[PDB]
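The structure appears right after this line, and notes come after that.
There are 2 protein chains.
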Amino acid sequence: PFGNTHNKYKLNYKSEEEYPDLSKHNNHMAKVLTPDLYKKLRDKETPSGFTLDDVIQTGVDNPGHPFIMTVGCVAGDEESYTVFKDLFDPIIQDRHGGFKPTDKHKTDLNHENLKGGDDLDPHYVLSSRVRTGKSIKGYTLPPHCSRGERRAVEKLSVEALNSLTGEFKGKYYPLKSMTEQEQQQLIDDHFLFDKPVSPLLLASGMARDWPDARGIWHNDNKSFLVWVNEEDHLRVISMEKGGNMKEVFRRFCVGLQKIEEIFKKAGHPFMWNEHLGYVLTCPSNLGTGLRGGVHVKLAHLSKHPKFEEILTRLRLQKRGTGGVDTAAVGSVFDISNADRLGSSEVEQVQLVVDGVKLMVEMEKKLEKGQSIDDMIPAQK
Amino acid sequence: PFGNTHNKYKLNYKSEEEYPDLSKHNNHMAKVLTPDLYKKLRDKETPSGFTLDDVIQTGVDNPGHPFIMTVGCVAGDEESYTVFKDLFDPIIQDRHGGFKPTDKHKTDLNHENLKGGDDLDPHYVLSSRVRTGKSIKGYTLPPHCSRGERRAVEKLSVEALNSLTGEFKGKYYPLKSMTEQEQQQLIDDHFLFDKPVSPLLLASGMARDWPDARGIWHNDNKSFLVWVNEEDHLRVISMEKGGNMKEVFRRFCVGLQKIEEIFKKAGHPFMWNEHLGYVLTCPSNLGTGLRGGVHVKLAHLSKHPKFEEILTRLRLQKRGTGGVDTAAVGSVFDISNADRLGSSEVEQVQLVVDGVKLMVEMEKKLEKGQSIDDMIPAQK
Ligand SMILES: Nc1ncnc2c1ncn2[C@@H]1O[C@H](COP(=O)(O)OP(=O)(O)O)[C@@H](O)[C@H]1O
Ligand SMILES: Nc1ncnc2c1ncn2[C@@H]1O[C@H](COP(=O)(O)OP(=O)(O)O)[C@@H](O)[C@H]1O
Ligand SMILES: CN(CC(=O)O)C(N)N
Ligand SMILES: [Mg+2]
Ligand SMILES: [Mg+2]
């Protein structure tokens, strides 16, 4: 029982007979997979039984489209990254600016190392936010995890979160028993998540048993939010209105370390290693898993020839006002760090603080009508 | 499905820790599963590694359906129906209107014994269709089949179908070779299976690797078609405009017999036993696998307070114009026999002809300002 009968059954076919048809594909996985790599890795399994087929399924199912390259693969556990390193390493190097198999990732959650960021001009910066994801050692990741493992993650997380006090006193809302009123309240506060609709996620198996053992915790102040068992075991978000990113990041680090110490005592620390930093399902999110950002009104700078170039130079990214696929209603852009792996949490938020400060100074010159042609920084 | 099929850590959790939460689920699986059944069968697997969790996943994920009552489980191979018989048999009994473990599949080949059905009123009955499914013995079914297995089924099936002659002369059209426009036209014209959007198809693992090794075979005038590797290895279809169900059924039965003769001669017989008849993925499609029905315009009858009761009395199922996952458009309903095991093809098509003729007579009475109170049919 509970063995490898399934993969052994597939191994009755030759490697070419099981090899995916990637002729229409444009994703990182398809860029790297070869007939030889598939042949060499198809009989391998992690201790939990995760296989190369499981790693690549989403990339097989979702070819991609013209420009933006999707990753096209997932990890099912920490071991996936080692057992299938011959696939993941080139993907990680390509996705994360050349990060090599021998490179090390530096973690830094000491919020005191951030400099400034309490001052971001409220007239332009409408809100500040820091998000990360975390995995819990001892449990496989959402593509793979059993109902039993998922429930164990939820129990540990909820008991931990229920123990928090002061600024971090809060309450958990299971998706399965959520009242209509609770759901509406969470929507009003931009705290709700629903079953994923993205085929990139659905194709990996991560949505099984929905909504079993999924839920949302937030503190009474509505400034610290935790999603349980969505894309990763945990998603942890600190947010508030205005431009005190210093306070947002402080709260983020303190709450994250409080949770960490409880998990560590239970023998289930956050999944982490010196090479990849914090381990998560998607290779794109390794390292810090961190997206620190602001909603910032850039009426003129938005409509400027070098706007996309300035973001690139500052190592920043932009999205709409309502998320990843939105058109920035009014003039409000979601600006955040582009980096994840090979730089620390402090370094990434510092880039956001420093970069957003410069871009507000730039916009102030533009609304007067001065030239933005000297403040343009070197590529960071 | 997915990696979770072979998650080796399920061993490490208690049965009650892995047991699904089926509270407020309304499908046949959830009506039957118990803690004891789960405990008994959770450590079992078929020779290809299909497990109880794979059987039930769609019924966990899909508590209900917007249009019909669903079975909530699938088979992954022939052996599924034996290994997990204690779950399947009560579901089959419920779904097929009382078919007991001691009852036997029925067929004759006597399609000419259909009484009437050559003259369904074409003002109401816009098209007539008869389908069934077949599985190739020795290959796993769509929820579980590997890319290699699926490809093997496609290769042998196309070779066999290409040997059809006479009114059944046709050819194969691989899904990957169709343009978006060509695919959409075939779907709009009701010939080709939809994009992989069914909650059953998705949740159970049947959409993996799409569109690899899927396609449609058909004769030149598209009156006789075979889908390859959608929900079943084969779906054999006869259809045409208008109300000559007898002719549709003639073509179906003669064609199906030619197919099975060809497959047997090639050494690729279908999955079959004396109890369940022909074995297919969904328990609802066992026995003859036959779903015979019409697109019928019921503007008045569909608004009558006893519409659903009448359908139940007649043992007919209602679906949308674009099939099970769609709504009726322009009051055009897909009306077909609900049950497939414990009766023959002729009995099934006779039940459709008789029921549809009654419903058309009801529609006509309601159009004329008369009532149908006196015409409600006895429970079949
Ligand atoms: N700086 C911000 N201020 C307020 N809300 C934000 C901010 N950044 C993101 N959001 C909100 O969080 C949601 C998720 O955004 P999304 O781009 O998916 O973010 P992430 O991937 O970090 O979760 C959106 O609905 C959006 O309204
Ligand atoms: N009587 C009919 N006439 C024309 N098309 C039909 C008829 N019945 C079903 N269909 C079509 O068959 C396709 C599949 O519908 P679906 O509900 O999935 O049925 P099946 O049991 O064959 O899988 C749909 O495109 C639908 O419009
Ligand atoms: C709609 N189905 C029946 C069911 O889900 O019970 C099919 N496709 N087997
Ligand atoms: Mg997001
Ligand atoms: Mg169908």
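Just so you know, the protein sequences line up as chains X and E, in that order.
Here the UniProt record's numbering is used: the first residue of the first sequence is 2, the next is one more, and so on.
Here the UniProt record's numbering is used: the first residue of the second sequence is 2, the next is one more, and so on.
We put the CB at the ideal spot given by N, CA and C, even for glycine.
Just reading off the alpha helix (DSSP H) that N8(X) is part of, what are its end residues? Working through the first sequence from its first residue, we reach residue 8(X) at position 7. Per DSSP, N8(X) belongs to the alpha helix (DSSP H) from 6-11.
Pair every Cβ in the stretch 332-342 of chain E with every Cβ in the stretch 314-324 of chain E, then say whether three or more of these pairs are closer than 8 Å. yes
Would you report the Cα separation of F308(X) and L302(X), rounded to the nearest angstrom? Mapped onto the first sequence, residue 308(X) falls at position 307. Mapped onto the first sequence, residue 302(X) falls at position 301. One C-alpha to the other measures close to 6 Å.
Is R130(X) near ligand 1, going by C-beta to nearest heavy atom under 7 Å? Reading the first sequence from its first residue, position 129 is the one you call residue 130(X). For ligand 1, at least one heavy atom lies less than 7 Å from the Cβ of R130(X).
Taking only three categories from DSSP, how would you classify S285(X)? In the first sequence, counting from the first residue as 1, residue 285(X) sits at position 284. DSSP places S285(X) in helix when its eight states are reduced to three.
Please classify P102(X): is it buried, with 16 or more other beta-carbons within 10 angstroms of its beta-carbon, or exposed? Locating residue 102(X) in the first sequence gives position 101, counting from the first residue. Per the 10 Å Cβ criterion, exposed.
Excluding sequence positions up to five away, which residues of its chain have a Cβ less than 8 Å from the Cβ of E368(X)? Looking up residue 368(X) in the first sequence gives position 367. Correct list, in chain order: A300, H301.
Answer yes or no: the CB of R341(X) versus the heavy atoms of ligand 1, is any distance below 7 Å? The residue you call residue 341(X) lines up with position 340 of the first sequence. Flag unset: Cβ of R341(X) not near ligand 1.
Taking the alpha helix (DSSP H) that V347(E) belongs to, which residues open and close that run? Start at 1 with the first residue of the second sequence, and residue 347(E) comes out as number 346. From DSSP, the alpha helix (DSSP H) with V347(E) extends over 346-368.
In chain order, what residues of the same chain lie with their CB nearer than 7 Å to the CB of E80(E), ignoring the 5 residues before and after it? Working through the second sequence from its first residue, we reach residue 80(E) at position 79. Here the set comprises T47, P48.
Does any CB atom of chain X fall closer than 8 Å to the CB of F3(E)? Your numbering for residue 3(E) matches position 2 in the second sequence. True, the Cβ-Cβ gap to chain X drops below 8 Å.
What is the residue span of the beta strand (DSSP E) that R292(X) lies within? Residue 292(X) sits at position 291 when you count from the first residue of the first sequence. Unbroken beta strand (DSSP E) run through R292(X): 292-298.
Who are the neighbours of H7(X) on chain E, taking C-beta pairs under 7 Å? Position 6 of the first sequence, counted from the first residue, corresponds to residue 7(X). Result: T6, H7, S49, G50.
Residues of chain B with a CB under 7 Å from the CB of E18(E): which are they? The structure shown has no chain B; the protein chains it does contain are X and E.
Taking 7 Å as the cut-off, is the CB of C283(E) close to at least one heavy atom of ligand 3? Here residue 283(E) refers to the residue found at position 282 of the second sequence. Indeed, a heavy atom of ligand 3 lies less than 7 Å from the Cβ.
Could you name the residues of chain E that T141(X) contacts, counting a contact when the two beta carbons are closer than 7 Å? The count along the first sequence starts at 1 and reaches residue 141(X) at position 140. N8, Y10, listed in chain order.
Between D37(E) and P2(E), is the Cβ-Cβ spacing less than 8 Å? Along the second sequence, read from residue 1 onward, the residue named residue 37(E) stands at position 36. Along the second sequence, read from residue 1 onward, the residue named residue 2(E) stands at position 1. Result no, Cβ atoms of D37(E) and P2(E) do not sit closer than 8 Å.
Are the stretch 255-263 of chain E and the stretch 63-73 of chain E touching by the rule of at least three beta carbon pairs closer than 8 Å? no
Less than 8 Å between the beta carbons of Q58(E) and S205(E), yes or no? Mapped onto the second sequence, residue 58(E) falls at position 57. Mapped onto the second sequence, residue 205(E) falls at position 204. In this structure, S205(E) lies closer than 8 Å to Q58(E) by Cβ.
Quick check on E46(E) - is its C-beta less than 8 Å from some C-beta in chain X? Counted from its first residue, the second sequence places residue 46(E) at position 45. Answer yes: the Cβ-Cβ gap between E46(E) and chain X drops below 8 Å somewhere.
Go through the residues and name those whose CB comes closer than 6 Å to any heavy atom of ligand 5, in chain order. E232(E), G324(E), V325(E)
Going by the DSSP bridge assignment, what does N28(X) pair with across the sheet? For this step, residue 28(X) is matched to residue 27 along the first sequence. According to DSSP, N28(X) bridges with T71(X).
Report the residue from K11(X), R132(X), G65(X) whose alpha carbon sits nearest the alpha carbon of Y39(X). Position 38 of the first sequence, counted from the first residue, corresponds to residue 39(X). It is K11(X) whose Cα lies nearest to the Cα of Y39(X).
Is there at least one non-hydrogen atom of ligand 3 closer than 7 Å to the beta-carbon of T71(E)? Taking the second sequence and counting its residues from 1, the one referred to as residue 71(E) is at position 70. Answer for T71(E): yes, Cβ within range of ligand 3.
Leaving out five residues on either side along the sequence, give the residues of the same chain with a beta carbon under 6 Å from the beta carbon of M272(E). Translated into the one-based positions of the second sequence, residue 272(E) becomes position 271. These residues qualify, in order along the chain: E79, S136, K138, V280.
Could you tell me whether any non-hydrogen atom of ligand 2 is closer than 7 Å to the CB of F271(E)? For the purposes of this step, residue 271(E) is taken as the residue at position 270 of the second sequence. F271(E) Cβ: outside cutoff for every heavy atom of ligand 2.
If distances are taken between C-alpha atoms only, which option among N222(X), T108(X), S147(X), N28(X) comes closest to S239(X)? Residue 239(X) sits at position 238 when you count from the first residue of the first sequence. The candidate whose alpha carbon is nearest that of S239(X) is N222(X).
Between the stretch 114-130 of chain X and the stretch 338-352 of chain X, are three or more C-beta pairs nearer than 8 Å? yes
Helix, strand or coil, according to DSSP, for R341(E) in the structure here? As a first step, residue 341(E) is located in the second sequence; it is residue number 340 there, counting from the start. DSSP places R341(E) in coil when its eight states are reduced to three.
Mind checking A267(E): buried by the 16 CB within 10 Å criterion, or exposed? Position 266 of the second sequence, counting from 1, holds the residue named residue 267(E). Label assigned to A267(E): exposed.
How is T52(X) classed by DSSP in three states: helix, strand or coil? Stepping through the first sequence from its first residue, residue 52(X) is reached at position 51. Three-state DSSP puts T52(X) in coil, outside helix and strand.
Beta-carbon proximity of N8(X) to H7(E), cut-off 8 Å: The residue you call residue 8(X) lines up with position 7 of the first sequence. The residue you call residue 7(E) lines up with position 6 of the second sequence. A contact, by the Cβ cut-off of 8 Å.
Cβ pair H29(X), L342(X) closer than 8 Å: Against the first sequence, residue 29(X) aligns to sequence position 28. Against the first sequence, residue 342(X) aligns to sequence position 341. Contact: no.
To the nearest angstrom, report how far apart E310(X) and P378(X) are at their CA atoms. By one-based count along the first sequence, residue 310(X) stands at place 309. By one-based count along the first sequence, residue 378(X) stands at place 377. Roughly 11 Å between the two C-alpha positions.
Can you tell me where the beta strand (DSSP E) with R209(X) in it begins and where it stops? Taking the first residue of the first sequence as 1, we reach residue 209(X) at position 208. Unbroken run through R209(X): none, as it is neither H nor E.
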